[PDB]
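Coming up is one lone chain in structure tokens, specifically the form deposited in one PDB entry.
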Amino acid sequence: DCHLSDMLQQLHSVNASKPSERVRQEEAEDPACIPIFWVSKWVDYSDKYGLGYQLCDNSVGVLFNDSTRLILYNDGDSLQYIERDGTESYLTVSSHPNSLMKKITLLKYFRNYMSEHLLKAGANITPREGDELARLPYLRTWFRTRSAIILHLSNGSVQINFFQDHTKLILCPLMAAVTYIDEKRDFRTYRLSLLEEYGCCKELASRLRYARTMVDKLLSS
């Protein structure tokens, strides 16, 4: 809950500043705040199985309808499984309990579908290096609204992908930063406090208000 509370305080602070009514948006850029991980792809098959996704390192995961999670590392071999009760286990495609067979199969189908048919969000973004403190995160929560899909990762990052104009936000409450991908697929990363200081355009402002609403929802559930 601490990640989301932080993010809520950060966003509330920036938004209360009315950053589009001030402009020096480029002064808010902090190139060292680029995220390590985001969701590059997703498939909502919640009608049947659940939500499959791919992170920018090409690792993949599924959050199944039964609230368990299966994660495949980008080595294409190592698996992490998380029961509904939180119990984690570590396995491989090569060595796994019979009980996981089905889910492993489903994960591979998701992988196929995503690899062949979908483009990568942030294809033009080199992710931050990242070190021993940043292990592979998994999808902790997700939902879709009238306007966007909201993806909350276990490292606290919250990603919001807007349906109409393909614009996207990746918020990190550890770095206190936001990456904005616009309709040109240009991306910039800002320190939220610096956005409080120098302000920003109307589009980013609006999307950060919507983001604050989404974080309140995530905190609410």
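Don't overthink the numbering: it's just position in the shown sequence, from 1.
Below: the form solved in complex with a small molecule, not depicted.
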Looking at 149 to 157, 66 to 74, 41 to 49, 190 to 198, which one sits within 4.5 Å of the small molecule in the bound PDB entry if you count heavy atoms only?
41 to 49
Can you pick the one in 125, 100, 106, 82 that has a heavy atom within 4.5 Å of the small molecule in the bound PDB entry?
106
Does the small molecule get within 4.5 angstroms of any non-hydrogen atom of residue 90 in the bound PDB entry?
no
